[PDB]
């Protein structure tokens, strides 16, 4: 990747970590007696960024016999830039009611946590049986609001990361690895954009 400063996690590392977290999730939910049709774990995938993680996580969960029902919502905040707008837009909400169901919000990364804070609050008031969160990446110090995810695959330093669903101006979401974008590359783009 000529545009990368470095590779944080390779595809293999990501796959391995996701498998461990799926195992934890399975153990933790065993007492809930999850069942297809009548009692699945509702996964609320936060588009666009969570699409890849979601695709890989649900298959990992299936390996541990955890029945799931997928819901995709769309939330926007960074747009084409490199920093939070501070405003969270709900472009698409869930199809069905989560009231009375076990729900797990799946996100690719938590930084300022304005997005998850918005989400968690919204769904919390809908009275699900339980509500948890699993984030692929956590920038633990970038917080603007306090938020503690129930499951974190990896903690990362403050640098703009791309790949595996994460984008910079809706570019690079398709990479198999998670890499750090060189500032020279985004600075040249930013200049061209604004």
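Numbering follows the first chain given and starts at 1.
With respect to the recorded C-alpha B factors, which stretch has the higher mean value, 55 to 63 or 28 to 36?
Per the PDB record, 28 to 36.
Do the C-alpha atoms of 65 to 73 or of 134 to 142 have the higher average B factor in the entry?
The recorded data point to 134 to 142.
Among 109, 90, 116, 104, single out the one with the highest C-alpha B factor in the record, please.
By C-alpha B-factor in the record, 90 ranks first.
Looking at the C-alpha B-factor of residue 148, is it in the lowest, middle or highest third of its chain?
Within its chain, residue 148 is a middle-third residue by C-alpha B-factor, going by the deposited values.
Please say which third, lowest, middle or highest, residue 170 falls into when its CA temperature factor is compared across its chain.
Highest third - that is where residue 170 ends up once the chain's C-alpha B-factors are sorted.
Could you look up the Cα B-factor of residue 43 in the entry and say which third of the chain it sits in: lowest, middle or highest?
Ranked within chain, residue 43 CA B lands in the lowest tercile.
Should residue 157 be placed in the lowest, middle or highest third of its chain by the C-alpha B factor in the entry?
Top third by C-alpha B-factor.
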